[PDB]
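Take a look at this single chain in structure tokens; it is the form deposited in one PDB entry.
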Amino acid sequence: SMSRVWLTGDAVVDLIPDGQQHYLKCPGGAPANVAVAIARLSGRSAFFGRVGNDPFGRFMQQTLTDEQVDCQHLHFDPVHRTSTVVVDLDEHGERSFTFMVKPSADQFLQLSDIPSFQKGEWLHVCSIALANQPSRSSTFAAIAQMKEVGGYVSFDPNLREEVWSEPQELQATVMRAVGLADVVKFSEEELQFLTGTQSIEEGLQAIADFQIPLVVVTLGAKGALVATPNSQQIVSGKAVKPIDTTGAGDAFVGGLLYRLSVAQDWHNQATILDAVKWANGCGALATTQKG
């Protein structure tokens, strides 16, 4: 087997209005979305993290097992509760969502929740895991161990100021993670938010000292900006400019990580280009399903 992508962070149950007096149970959370995306490509994906010993936590355990994601290292906190979102409708029927549990069980990820890592494996992290302690320090420890054993680390800062008890620590904590990552996925505005000169130019030029092996930037319909310290390149979805990646950022990551993980040499420029091709493929695939 040997090839494997580890995923960690917030497993989330979304509650959607199924008309009136009814909510639909929908599994969510960016780490779980990417984890499922990889397993749907017949890839080997495993999830470690913390949910609550509650029905919603059990829903995610069942969902992930069904989707063939290994969740043997999924823990159930007897006290804290699984992250739960309720989306709400306007007078005009326009969506709005509310975090129901703060802070959720995922924020209490412990050092003993971290599984043994093997050489050549991948670890993917989102910013929510870096919001508060003990999850902040536990996640960084997971990163260090993955690298120490000869593994690789990807990072996608799906940043939301909400979950943070101390929003001021965000710019420094996330840019800290960017420094330790092998692959970093940036949204256009995300790259900007860390002081963008209105362009993705010097916003890019800034991170140069970090010497990140691979940086990928979504570009709505323009496709995907691919950045290596040597080169610079755009990999469009060669089809009359398709569409965006609304909610398909996770699917994008999944397709990217699945291909990079099974590569003999993911550092290869040719291998990277093919991986981005799949990533755009997954991203487009998700947004054609009315999503």
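Residue numbers here begin at 1 and follow the sequence given. The term rigid core refers to the most C-alpha atoms you can superpose between the two forms while keeping them within 1.5 Å.
If you look for the form solved in complex with a small molecule, you will not find it shown, but the lines that follow are about it.
Picking from 213-221, 113-121, 143-151, 166-174 the stretch near the small molecule in the entry with it bound, with a 4.5 Å limit on heavy atoms, gives 213-221.
The three marked residues, 102, 254 and 275, fail to reach the small molecule in the entry with it bound, with no heavy atom of any inside 4.5 Å. Contact annotation for residue 43: none of its heavy atoms lies within 4.5 Å of the small molecule in the entry with it bound.
Using a 4.5 angstroms threshold between heavy atoms, residue 232 stays clear of the small molecule in the entry with it bound. With a 4.5 Å cutoff on heavy atoms, residue 246 counts as touching the small molecule in the entry with it bound. Checking 209, 162, 94, 148 for C-alpha shifts of 2 Å or more between this form and the one not shown, after the rigid core is superposed, gives a single hit: 94.
Relative to the superposed rigid core, the position of the CA of residue 196 differs between this form and the one not shown by 2 Å or more.
With the core superposed, residue 67 shows a C-alpha displacement below 2 Å between this form and the one not shown. In the core-superposed comparison between this form and the one not shown, the C-alpha atom of residue 262 has shifted by less than 2 angstroms. Compared with the form shown here, the Cα atoms of residue 186 and residue 243 sit 3 Å or more farther apart in the entry with it bound. Relative to this form, the distance between the C-alpha atoms of residue 242 and residue 126 is reduced by at least 3 angstroms in the entry with it bound.
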